[PDB]
Structure formats: structure tokens, C-alpha cells
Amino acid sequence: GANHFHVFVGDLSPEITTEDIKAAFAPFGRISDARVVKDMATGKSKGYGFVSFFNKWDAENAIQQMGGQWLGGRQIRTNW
């Protein structure tokens, strides 16, 4: 169907899950999908995740606003 606008999130704490990373990016707008990439073998957090918004003037906010903000005792990268 119609494509969404995907936001990369780097430097996540290993304790961070799909539940709380969705809660951190919910204040900007509604989320079509969000997840933290786990390793297929072990199941621990790889370090990064994705958050896809419906609107672009929304992900654009989420990238600029969260660029270096603390989440789980670690500053995060944000980009497309």
C-alpha cells in the first residue's frame, strides 16, 4: 500500500524493549510500527531500532527532538 516514513534509533540500552521505545516516540504522533532489533540467535538487543510514523512532519520532529536525548540511561542517535 501507501508507504510510511521510517525513523532509525541508535545507541539503545540493552534493557530497552519494543514497549517502552513505542511509548517514548508516541508523543510526536501515531505509530504504524515500532521495534528494537534483537539478534536472531541470542535474543538480546542488537543496539538499535526502528519507528515508522504515518505523517512525515512528525518523524521530522522525532528525529530533531530526540537527537541525543536520554532513554534508559543512554543518549540516542536519531535519523531516517
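Quick note: we count residues from 1 along the sequence shown, nothing fancier.
Participant: Thinking about Cα B factors across the chain, which third does residue 6 belong to?
Facilitator: Residue 6: CA B-factor falls in the middle third of its chain.
Participant: Lowest, middle or highest third: where is residue 50 by Cα B-factor in its chain?
Facilitator: Lowest third of the chain for residue 50's C-alpha B-factor.
Participant: Comparing against every modelled residue in the chain, figure out the third that the C-alpha B-factor of residue 12 lands in (lowest, middle or highest).
Facilitator: Its C-alpha B-factor, which the entry lists for residue 12, ranks in the lowest third among residues of this chain.
Participant: Determine, from the deposited record, the chain-internal third of the Cα B-factor for residue 26: lowest, middle or highest.
Facilitator: As the PDB entry reports it, the C-alpha B-factor of residue 26 lands in the middle third of its chain.
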